[PDB]
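All remarks here apply to the structure that follows.
Numbering (PDB author numbering), first residue to last: 1 to 91.
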């Protein structure tokens with residue numbers, strides 16, 4: 001009925017070490033999934049897709065460091081949350 005949630009909390013069933021397989025880019029000041037590799041987590045899920053904008057993760061700032069983010073997940077075992085948001089991403 002009454003929707004009370006911002007962005008979009010995406011739940012991942014990844015395991016310690018398990019990598020995602022994606023590339024984020026910094027344009028304008030936001031982390032956007034530059035590209036997504038097939039045969040992986042994101043791909044399979046089908047949820048995330050090029051253009052996805054990340055703001056916060058499990059209550060932590062992703063910052064403008066995409067190379068550091070892809071590493072944060074690598075060490076994220078259990079139900080991980082990702083707050084995504086839309087934008088100018090053409091499509």
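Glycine is no exception: its CB is placed at the ideal position from the N, C-alpha and C atoms.
By Cβ distance below 7 Å, which residues in the same chain neighbour residue 76 in space, the five residues on each side in sequence not counted?
Contacts found: 14.
Nearest-angstrom Cα distance between residue 89 and residue 53?
Going by the C-alpha atoms only, they are around 9 Å apart.
Cutting at 7 Å between CB atoms, please list the residues of its own chain near residue 23, excluding the five before and the five after it.
Excluding residues within five positions, the ones whose Cβ falls inside 7 Å are 34, 35.
Looking at C-alpha atoms only, which residue of 59, 55, 17, 62 is the closest neighbour of residue 87?
Checking every option, the nearest Cα to that of residue 87 belongs to 55.
Is it the case that the Cβ atoms of residue 73 and residue 62 are separated by a distance below 7 Å?
No, the pair does not count as a contact, with Cβ atoms beyond the cut-off.
How many Å lie between residue 26 and residue 12 at the Cα?
If I take the Cα positions, the gap works out to 23 Å.
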